[PDB]
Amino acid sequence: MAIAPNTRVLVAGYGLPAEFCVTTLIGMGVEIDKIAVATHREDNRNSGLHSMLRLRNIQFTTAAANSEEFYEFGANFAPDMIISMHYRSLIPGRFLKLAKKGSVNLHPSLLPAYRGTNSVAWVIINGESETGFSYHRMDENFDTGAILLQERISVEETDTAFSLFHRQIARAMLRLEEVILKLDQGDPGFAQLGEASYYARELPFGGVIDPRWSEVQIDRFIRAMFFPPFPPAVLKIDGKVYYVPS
């Protein structure tokens, strides 16, 4: 029902999912001096977070995940639990070991499907009618730890990377409190089950339409590349670049 009083929570996070997470923790009655945040520099997605951390005087670091300052920041805070909410770096194992209740990260697929990055794009490229999000404990690798909560999200024929990425955030937030409680209560989760799949760091197909693709493949790709303000899918014709309308 309620979080253990004096639970100390460290949020490794970036942007709106993180602002929402700190909001939620405060709503759960976690004291202000029992919240610590690790994040990245203030850019045009992290401005909401930063302003909140300054406004509420929430201790935070922007130091790199592999830096000694980051480890110190965690060590001095002594978290019971760590919540990764769109943090953008590999979190060292020795940092995760600081939280005796362990940790959780939000990943935008049904793990072990769509390990890697750009999951939302690839889901659409492969023509998935269904995807999901996975709140999972973190181990030393990305995308591999035990599942605390997974929920299905249906993929529509009109979805873009853009629409799906934002619905992922919105829907995942619904379950965040239950997840924070699962962590409070020591829920071990379950080992990720099923066949994995993996998709490389960089932008799918370099953003470039393959002319050999079927129309269905092209429609999917166009939508998967739609993500303002980034350029749309590129079609090359007579060795020359053209942005698609979408």
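For every residue, the number given is its place in the sequence shown, counted from 1.
Higher mean CA temperature factor between 207 to 215 and 57 to 65: 207 to 215, per the PDB entry.
Stretches compared: 180 to 188, 193 to 201. Higher mean C-alpha B-factor in the entry: 193 to 201. Between the residues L235, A224, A18, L10, it is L235 that shows the highest Cα B-factor in the PDB record.
In this structure the maximum Cα B-factor among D143, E72, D80, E157 is found at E157. Looking at the C-alpha B-factors along this chain, the one for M28 belongs to the middle third. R152: CA B factor lies in the highest third for its chain, per the PDB record.
Ranked by Cα temperature factor within the chain, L174 sits in the highest third according to the deposited record. Looking at the C-alpha B-factors along this chain, the one for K100 belongs to the highest third.
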